[PDB]
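Enquirer: Provided herewith is a single structure, encoded as structure tokens, for subsequent inquiry.
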Amino acid sequence: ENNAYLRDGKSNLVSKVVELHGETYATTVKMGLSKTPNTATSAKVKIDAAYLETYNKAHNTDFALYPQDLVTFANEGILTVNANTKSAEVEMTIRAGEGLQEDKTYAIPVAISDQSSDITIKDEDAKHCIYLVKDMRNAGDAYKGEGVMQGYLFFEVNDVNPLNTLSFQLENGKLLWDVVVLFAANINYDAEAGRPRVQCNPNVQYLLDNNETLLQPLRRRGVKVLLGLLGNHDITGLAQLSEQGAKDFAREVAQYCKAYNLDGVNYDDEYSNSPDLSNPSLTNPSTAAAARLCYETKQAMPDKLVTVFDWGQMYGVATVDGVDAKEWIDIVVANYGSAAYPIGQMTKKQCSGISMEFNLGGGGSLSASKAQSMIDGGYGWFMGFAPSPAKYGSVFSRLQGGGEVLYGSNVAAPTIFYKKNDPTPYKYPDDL
Ligand SMILES: CC(=O)N[C@@H]1[C@@H](O)[C@H](O[C@@H]2O[C@H](CO[C@H]3O[C@H](CO[C@H]4O[C@H](CO)[C@@H](O)[C@H](O)[C@@H]4O[C@H]4O[C@H](CO)[C@@H](O)[C@H](O)[C@@H]4O)[C@@H](O)[C@H](O[C@H]4O[C@H](CO)[C@@H](O)[C@H](O)[C@@H]4O[C@H]4O[C@H](CO)[C@@H](O)[C@H](O)[C@@H]4O)[C@@H]3O)[C@@H](O)[C@H](O[C@H]3O[C@H](CO)[C@@H](O)[C@H](O)[C@@H]3O[C@H]3O[C@H](CO)[C@@H](O)[C@H](O)[C@@H]3O[C@H]3O[C@H](CO)[C@@H](O)[C@H](O)[C@@H]3O)[C@@H]2O)[C@@H](CO)O[C@H]1O
Ligand SMILES: [Ca+2]
């Protein structure tokens, strides 16, 4: 008995979000084996359309099936066995189609099929992997290429309109900041429900209410918009939910990201007070509880980003219920002056190599030398916090030189900015 399971071969993820930026996307599907195979070991893979209803019910999702005629396995779906690496793989190609909708996630559930009798499949999870496909061909302006570093920017939305993301372009016209965070909605106690709830201050709520004009223009150009969550001075907190409390709060976060058509969350474990341990939604504060919340949030929105600030007790436990952090931490950004580090089977491609405090000044600059150092170190992200038009002189000074190294194109000097809650692009600096 040789136990098998399935995953995407390029990412090593059992659940993999695919962004189509061109007409084709190629990967491999990999079966991992627990023992050395023999000469007769064999298996195939197939799209398992029937499994999608089971998957959607389990995750409370509603993904449509990606058109099967657009998906091809090489070699009739037969997996080529590598006895020395205890694995077997086959190439899978995803073609972009006509009649697919923008801004919709489709699913390719893949199953092991026709396995030889020496292979044992423990359950339906091990039998399957899943691709969650989004057509990004037209929402291409933040996409700077394969393998480049990407930007992650927090807006203090109490003060600054996130449309200022659009102030930041390279000379080649690409948008610098791949991911932006609305900092921040809060976790707070709801006495009427006896559980935590998402609590949005009036500035956060105004953005959500007006997401068509103040948030969706970013997404139309390919920027991912995340809702920031932050502790907020009561017994609830992002690193102190029980298993049940985390499951419930994760569903509320996913419901915000669905209702307002956002791209995921940032969790920042700060400002909470000590929990009431008699409340069943709460538990002793711990990095294990934080990891539980991240895992449950990814299960509730597998198509969306689950990201963390590495501060407090938010990051560090590398498995939940046997599932490695690679499956439920998409990006981790560190405190100003530090570089993030991976846990579990994450790589530094999921990590920030610099965090720049744009309002107060700390964390260094995205210079040519720093860009090269971060590439050499294998980092995926650079993070910035609290840029504002009033400080664009400083902000853009700290971005000089790095873009030529990361992208072959420097960041251009700003010519537009946005005022709070106002969709109008104003002239920078004339209209300040
Ligand atoms: C990632 C990442 O970086 N993560 C963090 C990040 O969080 C840090 O960001 C900074 O955070 C700090 C701390 O914020 C948290 O606390 C404050 C204060 O909360 C307490 O007081 C409130 C009233 O003021 C109470 O309502 C609240 O309940 C708290 O009181 C309880 O607890 C204390 C004990 O701690 C007890 O004493 C009390 O009794 C009570 O029990 C809080 O306001 C913050 O929450 C708001 O903001 C977050 C988003 O950041 C939202 O998610 C929240 O909903 C909330 O906003 C809403 O409520 C507030 C009122 O609370 C409304 O005003 C608002 O409109 C919303 O409705 C957090 O819980 C902040 O202090 C920092 O703020 C400054 O910088 C930002 C920009 O980064 C500015 O937008 C902001 O205005 C602040 O700016 C001032 O200070 C700057 C220097 O720090 C300066 O550059 C600015 O020009 C400005 O200067 C002026 O004020 C100075 C004094 O503050 C003064 O010196 C100066 O002369 C000027 O007058 C910032 O957000 C970052 C930091 O790098 O790092 C990580 O740690
Ligand atoms: Ca910590």
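Following the order of the structure tokens, chains are lettered A, B, ..., residues in each are numbered from 1, and ligands are numbered from 1.
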Among segment 239-302 of chain A, which ones does DSSP assign to alpha helix (DSSP H) (computed from the backbone)? Answer as JSON, numbers by chain.

Expert: {"A": [243, 244, 245, 246, 247, 248, 249, 250, 251, 252, 253, 254, 255, 256, 257, 258, 259, 287, 288, 289, 290, 291, 292, 293, 294, 295, 296, 297, 298, 299, 300]}

Enquirer: Restrict the selected residues to N, CA, C and O atoms and save them as a compact mmCIF listing (two decimals), in the first residue's frame.

Expert:
# COMPACT_ATOMS: atom_id res chain seq x y z
N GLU A 243 -11.49 27.55 17.62
CA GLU A 243 -11.73 26.96 16.31
C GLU A 243 -13.10 27.39 15.75
O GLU A 243 -13.23 27.80 14.60
N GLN A 244 -14.14 27.27 16.58
CA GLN A 244 -15.47 27.68 16.15
C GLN A 244 -15.55 29.17 15.88
O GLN A 244 -16.13 29.60 14.87
N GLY A 245 -14.95 29.98 16.75
CA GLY A 245 -14.96 31.41 16.55
C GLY A 245 -14.26 31.81 15.26
O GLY A 245 -14.71 32.72 14.54
N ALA A 246 -13.17 31.12 14.93
CA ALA A 246 -12.44 31.42 13.69
C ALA A 246 -13.24 31.00 12.47
O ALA A 246 -13.20 31.68 11.43
N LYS A 247 -13.89 29.83 12.54
CA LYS A 247 -14.73 29.41 11.42
C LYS A 247 -15.78 30.47 11.16
O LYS A 247 -16.05 30.78 10.00
N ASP A 248 -16.46 30.95 12.20
CA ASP A 248 -17.53 31.95 11.98
C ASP A 248 -17.00 33.27 11.48
O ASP A 248 -17.57 33.87 10.55
N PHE A 249 -15.89 33.74 12.04
CA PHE A 249 -15.36 35.03 11.62
C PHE A 249 -14.80 34.95 10.19
O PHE A 249 -15.00 35.88 9.38
N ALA A 250 -14.18 33.83 9.85
CA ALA A 250 -13.70 33.64 8.49
C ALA A 250 -14.83 33.76 7.48
O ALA A 250 -14.67 34.36 6.41
N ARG A 251 -15.99 33.19 7.80
CA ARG A 251 -17.13 33.30 6.88
C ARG A 251 -17.59 34.74 6.72
O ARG A 251 -17.99 35.13 5.60
N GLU A 252 -17.59 35.54 7.80
CA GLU A 252 -17.97 36.95 7.69
C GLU A 252 -16.99 37.71 6.81
O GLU A 252 -17.40 38.55 5.99
N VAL A 253 -15.68 37.46 6.98
CA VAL A 253 -14.69 38.12 6.12
C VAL A 253 -14.93 37.73 4.67
O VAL A 253 -14.90 38.57 3.76
N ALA A 254 -15.14 36.43 4.42
CA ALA A 254 -15.40 36.02 3.03
C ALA A 254 -16.66 36.66 2.49
O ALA A 254 -16.72 37.04 1.29
N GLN A 255 -17.68 36.82 3.34
CA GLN A 255 -18.90 37.50 2.89
C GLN A 255 -18.65 38.97 2.52
O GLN A 255 -19.23 39.48 1.54
N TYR A 256 -17.78 39.67 3.27
CA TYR A 256 -17.43 41.03 2.84
C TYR A 256 -16.73 41.02 1.50
O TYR A 256 -16.99 41.87 0.64
N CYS A 257 -15.80 40.07 1.30
CA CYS A 257 -15.05 40.10 0.05
C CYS A 257 -15.94 39.74 -1.12
O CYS A 257 -15.70 40.20 -2.25
N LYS A 258 -16.97 38.92 -0.90
CA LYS A 258 -17.92 38.62 -1.96
C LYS A 258 -18.86 39.80 -2.21
O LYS A 258 -19.08 40.21 -3.37
N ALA A 259 -19.44 40.37 -1.14
CA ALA A 259 -20.46 41.43 -1.26
C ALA A 259 -19.90 42.65 -1.97
O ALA A 259 -20.61 43.30 -2.78
N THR A 287 -0.28 32.02 18.37
CA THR A 287 -0.01 31.92 16.95
C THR A 287 -0.76 30.73 16.34
O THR A 287 -1.17 30.76 15.15
N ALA A 288 -1.06 29.71 17.17
CA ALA A 288 -1.87 28.61 16.68
C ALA A 288 -3.29 29.07 16.36
O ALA A 288 -3.88 28.62 15.37
N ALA A 289 -3.84 29.98 17.18
CA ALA A 289 -5.18 30.49 16.91
C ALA A 289 -5.19 31.37 15.68
O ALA A 289 -6.16 31.37 14.90
N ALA A 290 -4.14 32.17 15.51
CA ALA A 290 -4.00 32.97 14.29
C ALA A 290 -3.94 32.09 13.04
O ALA A 290 -4.61 32.36 12.03
N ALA A 291 -3.14 31.02 13.10
CA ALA A 291 -3.05 30.12 11.93
C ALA A 291 -4.40 29.49 11.65
O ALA A 291 -4.83 29.41 10.48
N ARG A 292 -5.11 29.08 12.72
CA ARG A 292 -6.48 28.57 12.54
C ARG A 292 -7.37 29.57 11.78
O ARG A 292 -8.08 29.19 10.84
N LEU A 293 -7.32 30.85 12.17
CA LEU A 293 -8.13 31.83 11.44
C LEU A 293 -7.68 31.94 9.98
O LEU A 293 -8.52 32.02 9.07
N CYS A 294 -6.37 31.93 9.71
CA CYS A 294 -5.92 32.01 8.31
C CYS A 294 -6.42 30.80 7.51
O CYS A 294 -6.92 30.94 6.38
N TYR A 295 -6.30 29.60 8.10
CA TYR A 295 -6.73 28.38 7.43
C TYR A 295 -8.23 28.44 7.15
O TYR A 295 -8.68 28.16 6.02
N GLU A 296 -9.01 28.82 8.16
CA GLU A 296 -10.47 28.86 7.94
C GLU A 296 -10.87 29.91 6.93
O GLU A 296 -11.85 29.72 6.20
N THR A 297 -10.15 31.04 6.90
CA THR A 297 -10.46 32.07 5.92
C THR A 297 -10.15 31.58 4.52
O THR A 297 -10.94 31.81 3.59
N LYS A 298 -9.02 30.91 4.33
CA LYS A 298 -8.75 30.38 2.99
C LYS A 298 -9.80 29.36 2.58
O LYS A 298 -10.18 29.29 1.41
N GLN A 299 -10.28 28.53 3.52
CA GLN A 299 -11.35 27.58 3.14
C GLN A 299 -12.62 28.30 2.72
O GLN A 299 -13.35 27.81 1.85
N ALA A 300 -12.91 29.44 3.34
CA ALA A 300 -14.13 30.17 3.01
C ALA A 300 -14.00 31.00 1.72
O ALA A 300 -15.03 31.32 1.10

Enquirer: Can you tell me which residues sit at most 10 Å away from ligand 1, counting only C-alpha atoms and all ligand atoms, written as a tab-separated table (two decimals) with N, CA, C and O atoms, in the first residue's frame?

Expert:
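The resulting file, out-v3.tsv, is shown below:
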chain	number	residue	atom	x	y	z
A	153	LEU	N	0.73	47.44	-0.96
A	153	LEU	CA	0.63	48.80	-0.41
A	153	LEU	C	-0.58	48.92	0.51
A	153	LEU	O	-1.70	48.68	0.08
A	154	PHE	N	-0.38	49.45	1.71
A	154	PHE	CA	-1.47	49.75	2.63
A	154	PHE	C	-1.85	51.22	2.51
A	154	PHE	O	-0.97	52.09	2.63
A	155	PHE	N	-3.14	51.50	2.38
A	155	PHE	CA	-3.65	52.88	2.51
A	155	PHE	C	-4.29	53.07	3.87
A	155	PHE	O	-5.12	52.27	4.29
A	156	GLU	N	-3.90	54.13	4.57
A	156	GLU	CA	-4.63	54.53	5.77
A	156	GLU	C	-5.88	55.23	5.24
A	156	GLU	O	-5.85	56.44	4.97
A	157	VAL	N	-6.97	54.47	5.08
A	157	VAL	CA	-8.12	55.03	4.36
A	157	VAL	C	-8.90	56.03	5.21
A	157	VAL	O	-9.86	56.62	4.73
A	158	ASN	N	-8.57	56.17	6.50
A	158	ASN	CA	-9.11	57.28	7.26
A	158	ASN	C	-8.76	58.59	6.58
A	158	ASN	O	-9.44	59.62	6.79
A	159	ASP	N	-7.58	58.61	5.89
A	159	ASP	CA	-7.01	59.87	5.41
A	159	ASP	C	-6.80	59.94	3.90
A	159	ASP	O	-6.95	61.03	3.34
A	160	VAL	N	-6.56	58.82	3.23
A	160	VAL	CA	-6.11	58.80	1.84
A	160	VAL	C	-7.00	57.91	0.98
A	160	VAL	O	-7.24	56.75	1.31
A	181	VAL	N	-4.12	47.36	0.24
A	181	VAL	CA	-4.93	47.04	1.41
A	181	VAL	C	-5.68	48.26	1.90
A	181	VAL	O	-5.10	49.33	2.09
A	182	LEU	N	-6.97	48.08	2.16
A	182	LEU	CA	-7.77	49.12	2.79
A	182	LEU	C	-7.60	49.01	4.30
A	182	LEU	O	-8.19	48.13	4.93
A	183	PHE	N	-6.76	49.85	4.89
A	183	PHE	CA	-6.39	49.70	6.29
A	183	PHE	C	-7.20	50.72	7.11
A	183	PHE	O	-6.96	51.92	7.01
A	184	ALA	N	-8.14	50.25	7.96
A	184	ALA	CA	-8.45	48.82	8.16
A	184	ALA	C	-9.89	48.75	8.72
A	184	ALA	O	-10.29	49.64	9.53
A	185	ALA	N	-10.63	47.71	8.33
A	185	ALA	CA	-11.78	47.27	9.07
A	185	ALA	C	-11.26	46.65	10.37
A	185	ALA	O	-10.06	46.35	10.48
A	186	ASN	N	-12.17	46.46	11.32
A	186	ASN	CA	-11.81	45.96	12.66
A	186	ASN	C	-12.52	44.65	12.99
A	186	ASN	O	-13.60	44.34	12.48
A	187	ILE	N	-11.90	43.88	13.88
A	187	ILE	CA	-12.61	42.85	14.61
A	187	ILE	C	-13.05	43.44	15.95
A	187	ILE	O	-12.26	44.06	16.67
A	199	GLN	N	-16.22	45.13	12.04
A	199	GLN	CA	-16.76	46.45	12.33
A	199	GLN	C	-16.02	47.45	11.45
A	199	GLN	O	-14.79	47.54	11.52
A	200	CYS	N	-16.77	48.23	10.64
A	200	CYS	CA	-16.15	49.14	9.69
A	200	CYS	C	-16.45	50.55	10.19
A	200	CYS	O	-17.62	50.91	10.43
A	201	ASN	N	-15.38	51.34	10.36
A	201	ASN	CA	-15.51	52.74	10.68
A	201	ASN	C	-16.10	53.47	9.48
A	201	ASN	O	-16.21	52.90	8.39
A	202	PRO	N	-16.53	54.73	9.67
A	202	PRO	CA	-17.23	55.41	8.57
A	202	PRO	C	-16.40	55.61	7.33
A	202	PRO	O	-16.99	55.57	6.23
A	203	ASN	N	-15.07	55.70	7.44
A	203	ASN	CA	-14.24	55.84	6.26
A	203	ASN	C	-14.17	54.52	5.48
A	203	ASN	O	-14.30	54.51	4.24
A	204	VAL	N	-13.97	53.40	6.20
A	204	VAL	CA	-13.99	52.10	5.55
A	204	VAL	C	-15.36	51.86	4.91
A	204	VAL	O	-15.46	51.42	3.75
A	205	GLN	N	-16.42	52.14	5.65
A	205	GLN	CA	-17.76	51.89	5.13
A	205	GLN	C	-18.04	52.71	3.90
A	205	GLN	O	-18.69	52.24	2.97
A	228	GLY	N	-8.30	45.26	4.86
A	228	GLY	CA	-7.48	45.05	6.04
A	228	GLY	C	-8.38	44.79	7.25
A	228	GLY	O	-9.43	45.42	7.42
A	229	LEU	N	-7.96	43.85	8.09
A	229	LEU	CA	-8.59	43.63	9.39
A	229	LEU	C	-7.55	43.88	10.46
A	229	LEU	O	-6.39	43.42	10.34
A	230	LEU	N	-7.98	44.52	11.55
A	230	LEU	CA	-7.10	44.99	12.62
A	230	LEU	C	-7.86	44.88	13.94
A	230	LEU	O	-9.06	45.20	14.00
A	231	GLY	N	-7.14	44.50	15.00
A	231	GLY	CA	-7.72	44.49	16.33
A	231	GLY	C	-8.13	45.90	16.73
A	231	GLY	O	-7.71	46.89	16.10
A	232	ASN	N	-8.97	46.00	17.75
A	232	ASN	CA	-9.58	47.31	17.99
A	232	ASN	C	-10.12	47.44	19.42
A	232	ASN	O	-11.27	47.86	19.64
A	233	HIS	N	-9.27	47.08	20.39
A	233	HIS	CA	-9.43	47.51	21.78
A	233	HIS	C	-10.65	46.90	22.46
A	233	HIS	O	-11.18	47.49	23.41
A	234	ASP	N	-10.90	45.62	22.19
A	234	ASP	CA	-11.84	44.90	23.04
A	234	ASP	C	-11.38	43.45	23.16
A	234	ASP	O	-10.25	43.12	22.76
A	266	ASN	N	-6.01	41.24	4.62
A	266	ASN	CA	-4.79	41.30	5.40
A	266	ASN	C	-5.21	41.19	6.86
A	266	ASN	O	-6.12	41.92	7.33
A	267	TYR	N	-4.54	40.33	7.62
A	267	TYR	CA	-4.75	40.24	9.06
A	267	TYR	C	-3.57	40.86	9.81
A	267	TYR	O	-2.42	40.46	9.58
A	268	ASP	N	-3.89	41.79	10.70
A	268	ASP	CA	-2.91	42.50	11.54
A	268	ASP	C	-3.32	42.39	12.99
A	268	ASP	O	-4.29	43.02	13.42
A	269	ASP	N	-2.56	41.56	13.76
A	269	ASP	CA	-2.87	41.30	15.15
A	269	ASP	C	-2.24	42.38	16.02
A	269	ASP	O	-1.16	42.19	16.62
A	270	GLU	N	-2.95	43.48	16.16
A	270	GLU	CA	-2.59	44.56	17.04
A	270	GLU	C	-3.83	45.19	17.64
A	270	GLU	O	-4.91	45.16	17.05
A	271	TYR	N	-3.65	45.72	18.84
A	271	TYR	CA	-4.60	46.62	19.54
A	271	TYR	C	-5.71	45.82	20.23
A	271	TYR	O	-6.65	46.42	20.76
A	272	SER	N	-5.70	44.50	20.20
A	272	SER	CA	-6.74	43.79	20.94
A	272	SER	C	-6.41	43.74	22.43
A	272	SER	O	-5.24	43.74	22.84
A	273	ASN	N	-7.45	43.61	23.24
A	273	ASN	CA	-7.22	43.38	24.66
A	273	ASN	C	-7.31	41.90	24.94
A	273	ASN	O	-7.47	41.10	24.02
A	308	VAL	N	-0.94	38.24	5.76
A	308	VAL	CA	-0.75	38.64	7.16
A	308	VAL	C	0.39	39.63	7.28
A	308	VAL	O	1.34	39.59	6.50
A	309	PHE	N	0.22	40.55	8.25
A	309	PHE	CA	1.36	41.31	8.81
A	309	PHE	C	2.05	40.47	9.86
A	309	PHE	O	1.42	39.99	10.81
A	310	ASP	N	3.37	40.27	9.70
A	310	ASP	CA	4.09	39.51	10.72
A	310	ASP	C	4.41	40.35	11.94
A	310	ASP	O	5.47	40.97	12.06
A	311	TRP	N	3.45	40.42	12.87
A	311	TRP	CA	3.59	41.23	14.08
A	311	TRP	C	2.67	40.58	15.09
A	311	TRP	O	1.80	39.80	14.72
A	312	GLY	N	2.93	40.82	16.36
A	312	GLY	CA	2.06	40.19	17.34
A	312	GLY	C	2.10	38.67	17.24
A	312	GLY	O	3.17	38.06	17.05
A	333	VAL	N	3.94	40.00	4.98
A	333	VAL	CA	4.75	41.22	4.95
A	333	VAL	C	5.20	41.50	6.36
A	333	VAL	O	4.42	41.37	7.30
A	334	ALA	N	6.40	42.03	6.49
A	334	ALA	CA	7.00	42.16	7.82
A	334	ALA	C	7.00	43.61	8.27
A	334	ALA	O	6.67	44.55	7.53
A	335	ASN	N	7.34	43.78	9.55
A	335	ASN	CA	7.45	45.11	10.16
A	335	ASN	C	8.53	45.94	9.46
A	335	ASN	O	9.49	45.40	8.92
A	336	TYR	N	8.40	47.27	9.52
A	336	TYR	CA	9.37	48.16	8.87
A	336	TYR	C	10.79	47.86	9.33
A	336	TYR	O	11.10	47.87	10.53
A	355	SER	N	9.91	46.61	3.92
A	355	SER	CA	8.64	47.25	4.30
A	355	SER	C	8.97	48.71	4.57
A	355	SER	O	9.77	48.99	5.47
A	356	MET	N	8.31	49.61	3.87
A	356	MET	CA	8.61	51.04	3.90
A	356	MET	C	7.45	51.75	4.56
A	356	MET	O	6.31	51.62	4.08
A	357	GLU	N	7.74	52.47	5.65
A	357	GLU	CA	6.74	53.28	6.36
A	357	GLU	C	6.75	54.65	5.70
A	357	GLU	O	7.64	55.46	5.97
A	358	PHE	N	5.79	54.89	4.80
A	358	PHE	CA	5.85	56.10	3.99
A	358	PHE	C	5.43	57.34	4.77
A	358	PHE	O	5.69	58.48	4.30
A	359	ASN	N	4.72	57.17	5.88
A	359	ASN	CA	4.27	58.35	6.59
A	359	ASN	C	5.32	58.82	7.59
A	359	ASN	O	5.57	60.04	7.68
A	360	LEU	N	5.94	57.87	8.33
A	360	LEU	CA	6.95	58.16	9.35
A	360	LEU	C	8.40	58.01	8.90
A	360	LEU	O	9.29	58.63	9.51
A	361	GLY	N	8.68	57.27	7.85
A	361	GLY	CA	10.00	57.31	7.25
A	361	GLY	C	10.84	56.03	7.39
A	361	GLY	O	11.81	55.88	6.65
A	362	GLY	N	10.51	55.13	8.26
A	362	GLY	CA	11.40	53.98	8.46
A	362	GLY	C	11.34	52.87	7.39
A	362	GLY	O	10.46	52.87	6.54
A	383	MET	N	6.80	45.95	0.39
A	383	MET	CA	5.63	46.48	1.04
A	383	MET	C	5.83	47.96	1.37
A	383	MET	O	6.95	48.39	1.67
A	384	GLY	N	4.75	48.71	1.24
A	384	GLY	CA	4.73	50.11	1.66
A	384	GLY	C	3.48	50.38	2.48
A	384	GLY	O	2.45	49.74	2.30
A	385	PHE	N	3.58	51.34	3.39
A	385	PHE	CA	2.49	51.67	4.32
A	385	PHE	C	2.25	53.17	4.36
A	385	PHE	O	3.19	53.93	4.59
A	386	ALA	N	0.98	53.59	4.12
A	386	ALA	CA	0.49	54.95	4.41
A	386	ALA	C	1.14	55.99	3.49
A	386	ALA	O	1.54	57.08	3.97
A	387	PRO	N	1.17	55.78	2.18
A	387	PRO	CA	1.55	56.89	1.30
A	387	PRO	C	0.44	57.95	1.27
A	387	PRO	O	-0.74	57.63	1.46
A	388	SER	N	0.79	59.20	0.99
A	388	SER	CA	-0.23	60.23	0.87
A	388	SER	C	0.27	61.28	-0.11
A	388	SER	O	1.48	61.50	-0.21

Enquirer: Hey, what's within 8 Å of segment 9-13 of chain A if we count only C-alpha atoms and toss same-chain stuff fewer than 2 positions away? As number ranges by chain, please?

Expert: A: 7, 15-16, 27-30, 89, 129, 326-327

Enquirer: Take the residues from that selection and put them in a file with N, CA and C atoms, as a short mmCIF file (atom, residue, chain, number, x, y, z; two decimals), in the first residue's frame.

Expert:
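Below is the file that was written, selection24.cif:
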data_model
loop_
_atom_site.label_atom_id
_atom_site.label_comp_id
_atom_site.auth_asym_id
_atom_site.auth_seq_id
_atom_site.Cartn_x
_atom_site.Cartn_y
_atom_site.Cartn_z
N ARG A 7 -1.44 17.21 -6.60
CA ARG A 7 -1.23 18.65 -6.39
C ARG A 7 -0.77 19.25 -7.70
N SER A 15 -4.62 23.38 -4.03
CA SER A 15 -5.62 24.32 -4.52
C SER A 15 -4.84 25.49 -5.06
N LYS A 16 -4.96 25.77 -6.36
CA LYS A 16 -4.06 26.72 -7.04
C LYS A 16 -4.90 27.71 -7.82
N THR A 27 0.98 24.12 -16.98
CA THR A 27 1.51 23.67 -15.69
C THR A 27 1.66 22.15 -15.76
N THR A 28 1.99 21.52 -14.65
CA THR A 28 1.92 20.06 -14.59
C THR A 28 1.04 19.71 -13.39
N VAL A 29 0.41 18.55 -13.47
CA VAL A 29 -0.30 17.94 -12.34
C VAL A 29 0.55 16.80 -11.82
N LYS A 30 0.80 16.78 -10.51
CA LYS A 30 1.75 15.84 -9.93
C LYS A 30 1.10 14.97 -8.88
N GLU A 89 3.83 12.73 -13.13
CA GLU A 89 3.32 14.02 -13.56
C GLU A 89 2.92 14.00 -15.01
N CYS A 129 -6.93 17.56 -6.88
CA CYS A 129 -6.46 18.93 -6.71
C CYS A 129 -7.42 19.81 -7.50
N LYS A 326 1.59 26.81 3.12
CA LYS A 326 1.62 27.20 1.70
C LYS A 326 0.20 27.27 1.14
N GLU A 327 -0.73 26.51 1.72
CA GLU A 327 -2.08 26.48 1.20
C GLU A 327 -2.94 27.64 1.72
#

Enquirer: Out of segment 293-403 of chain A, which residues get strand (DSSP E) from DSSP, as a ChimeraX atom specification?

Expert: /A:305-310,319-320,323-324,331-334,352-357,381-385

Enquirer: Can you write just those residues out, C-alpha atoms, as a PDB file, in the first residue's frame?

Expert:
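Wrote it out as selection19.pdb, contents follow:
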ATOM      1  CA  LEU A 305      -5.757  36.106  -1.012  1.00  0.00           C
ATOM      2  CA  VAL A 306      -5.156  35.416   2.703  1.00  0.00           C
ATOM      3  CA  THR A 307      -2.279  37.649   3.807  1.00  0.00           C
ATOM      4  CA  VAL A 308      -0.749  38.638   7.156  1.00  0.00           C
ATOM      5  CA  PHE A 309       1.358  41.306   8.811  1.00  0.00           C
ATOM      6  CA  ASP A 310       4.087  39.511  10.721  1.00  0.00           C
ATOM      7  CA  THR A 319       0.284  23.593   9.767  1.00  0.00           C
ATOM      8  CA  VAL A 320      -3.441  23.455  10.661  1.00  0.00           C
ATOM      9  CA  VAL A 323      -2.535  21.410   5.978  1.00  0.00           C
ATOM     10  CA  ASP A 324       0.690  23.325   5.373  1.00  0.00           C
ATOM     11  CA  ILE A 331       1.651  36.777   1.227  1.00  0.00           C
ATOM     12  CA  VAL A 332       3.354  37.695   4.490  1.00  0.00           C
ATOM     13  CA  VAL A 333       4.746  41.220   4.949  1.00  0.00           C
ATOM     14  CA  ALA A 334       6.998  42.159   7.820  1.00  0.00           C
ATOM     15  CA  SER A 352       8.335  40.820   1.614  1.00  0.00           C
ATOM     16  CA  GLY A 353      12.024  41.760   1.411  1.00  0.00           C
ATOM     17  CA  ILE A 354      11.439  45.388   2.487  1.00  0.00           C
ATOM     18  CA  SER A 355       8.640  47.251   4.298  1.00  0.00           C
ATOM     19  CA  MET A 356       8.608  51.043   3.905  1.00  0.00           C
ATOM     20  CA  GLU A 357       6.742  53.279   6.360  1.00  0.00           C
ATOM     21  CA  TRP A 381       7.227  41.330  -2.464  1.00  0.00           C
ATOM     22  CA  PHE A 382       8.048  44.846  -1.382  1.00  0.00           C
ATOM     23  CA  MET A 383       5.626  46.482   1.040  1.00  0.00           C
ATOM     24  CA  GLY A 384       4.726  50.110   1.655  1.00  0.00           C
ATOM     25  CA  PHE A 385       2.490  51.665   4.325  1.00  0.00           C
TER      26      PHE A 385
END

Enquirer: Compile the contact shell of segment 391-393 of chain A as a PyMOL selection string: residues with an atom at most 10 Å away, counting only C-alpha atoms, same-chain residues fewer than 5 positions apart removed.

Expert: chain A and resi 167+358-359+386+398+413-414+417+428-429

Enquirer: Write the residues of the preceding selection, restricted to N, CA and C atoms, as a JSON list (two decimals), in the first residue's frame.

Expert:
[["chain", "number", "residue", "atom", "x", "y", "z"],
["A", 167, "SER", "N", -1.61, 56.74, -9.09],
["A", 167, "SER", "CA", -0.50, 57.72, -9.22],
["A", 167, "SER", "C", 0.84, 57.06, -9.50],
["A", 358, "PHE", "N", 5.79, 54.89, 4.80],
["A", 358, "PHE", "CA", 5.85, 56.10, 3.99],
["A", 358, "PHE", "C", 5.43, 57.34, 4.77],
["A", 359, "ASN", "N", 4.72, 57.17, 5.88],
["A", 359, "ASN", "CA", 4.27, 58.35, 6.59],
["A", 359, "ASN", "C", 5.32, 58.82, 7.59],
["A", 386, "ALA", "N", 0.98, 53.59, 4.12],
["A", 386, "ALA", "CA", 0.49, 54.95, 4.41],
["A", 386, "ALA", "C", 1.14, 55.99, 3.49],
["A", 398, "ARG", "N", 11.89, 57.60, -2.42],
["A", 398, "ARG", "CA", 12.25, 56.27, -1.91],
["A", 398, "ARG", "C", 12.00, 55.15, -2.91],
["A", 413, "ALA", "N", 7.70, 59.94, -12.20],
["A", 413, "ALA", "CA", 7.25, 60.98, -11.29],
["A", 413, "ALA", "C", 5.74, 61.15, -11.37],
["A", 414, "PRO", "N", 5.08, 61.40, -10.25],
["A", 414, "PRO", "CA", 3.61, 61.49, -10.26],
["A", 414, "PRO", "C", 3.09, 62.76, -10.94],
["A", 417, "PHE", "N", -3.15, 62.96, -8.57],
["A", 417, "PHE", "CA", -3.49, 62.43, -7.24],
["A", 417, "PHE", "C", -4.99, 62.56, -7.04],
["A", 428, "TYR", "N", -1.10, 66.57, -10.08],
["A", 428, "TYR", "CA", -0.05, 66.66, -9.08],
["A", 428, "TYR", "C", 1.12, 67.42, -9.67],
["A", 429, "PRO", "N", 1.68, 68.48, -8.99],
["A", 429, "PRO", "CA", 1.35, 69.00, -7.66],
["A", 429, "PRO", "C", 0.42, 70.22, -7.67]]

Enquirer: Skipping near chain neighbours, those fewer than 5 positions away, what residues fall within 7 Å of residue 25 of chain A using only C-alpha atoms, listed as a PyMOL selection string?

Expert: chain A and resi 20+93-95
